[PDB]
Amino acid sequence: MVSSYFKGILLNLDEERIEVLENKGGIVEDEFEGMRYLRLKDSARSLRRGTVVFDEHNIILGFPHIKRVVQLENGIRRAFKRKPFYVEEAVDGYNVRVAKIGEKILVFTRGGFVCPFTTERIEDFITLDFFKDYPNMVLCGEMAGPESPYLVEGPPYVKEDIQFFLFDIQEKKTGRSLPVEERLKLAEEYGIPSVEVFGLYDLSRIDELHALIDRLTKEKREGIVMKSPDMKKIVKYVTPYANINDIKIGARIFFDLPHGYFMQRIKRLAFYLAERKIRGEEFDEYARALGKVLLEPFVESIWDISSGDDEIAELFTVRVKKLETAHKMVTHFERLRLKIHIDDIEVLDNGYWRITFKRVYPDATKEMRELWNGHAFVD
């Protein structure tokens, strides 16, 4: 199942813990272009989910999602008291870790898969000089834009294709984050595209941070991430737009979504309205918007499945340099248990191929259609 070599590296840093992992599928061997690696599908003490192991040194730790606060002022007071913290952009994208492994630059998704799309086009997004000088470091960033393989939308100021946004630089094996100041100096030196840095703030400037959130909401942007200078304390606060747009997109599918998906966003909206003491007409605008994004996409999908045999679907586009990359993506999508096929192809004026993928949602379609056709259930 798993080589004794990988099990051995795991011993460094129970043999039955390894074995239960091996048996349950918590650790699995994988391979990319001949390079074999171990992927941690489940977290094992210090080693988080998404950790990948190629050898003793090439260990790329997974890292978790950033904790959210739903109440900005008290969230800051709890996390930072009155000490300063950096405020950076939260970007609506998917997480990647970029590392040099052997002579190759590989890009890993959150779960620890080598992403064939982002890996092939990595030199379009970043320069490789960084890894010549820092081969033991991992660039952690968001891939975001309107032509994404994993998200239907993204930041509004990315007008085409997709872009990388650095938000952390971590050491291999330890996972240690560089202090903010050092990471920002490295990004400037090596021309690594970065999340926007809004500045250094503290609890006393909460009014300025509320004003920033209001601007970001109007600009249809995701929100902010707050970081101690030493990167040891990090919390995220997202805009009302992020929560409402999330519901709008998810309501098309509705069923078979993550547990609490809509609840979590309703809660973040309520706490924003409570904290900011929004009332009257402004409050009514938000209530109207929440009702529309829960119901309109959902009802439109019901009309879709009521009038034919086609499945609920999402269309998305990406750009690739080689057609073979599109077929490698289809294979990778299938491994992720996603039902995606190539729906359309065009060649761009710059020589890139624009691939239109279509993802269908068979389980949500089936549950929706059964309910439309009168299936009866208890709550």
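All residue numbers refer to positions in the sequence shown, first residue = 1.
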item: Deposited-sequence gap flanked by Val20 and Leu21; value: none
item: Segment of higher mean CA temperature factor, 316 to 324 or 55 to 63; value: 55 to 63
item: Mean temperature factor over C-alpha atoms, higher-scoring stretch between 72 to 80 and 131 to 139; value: 131 to 139
item: Residue with highest C-alpha B-factor in the PDB entry, from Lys227, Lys173, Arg215, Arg268; value: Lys173
item: Deposited CA B-factor, highest of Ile355, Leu371, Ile9, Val360; value: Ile9
item: Chain third (lowest, middle, highest) by recorded CA B-factor, residue given as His210; value: middle
item: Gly223 CA temperature factor, ranked by third within the chain; value: lowest
item: Ranked C-alpha temperature factor of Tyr237 among modelled chain residues, by third; value: lowest
item: Record-listed C-alpha B factor of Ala376: chain third; value: lowest
item: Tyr272 CA temperature factor, ranked by third within the chain; value: lowest
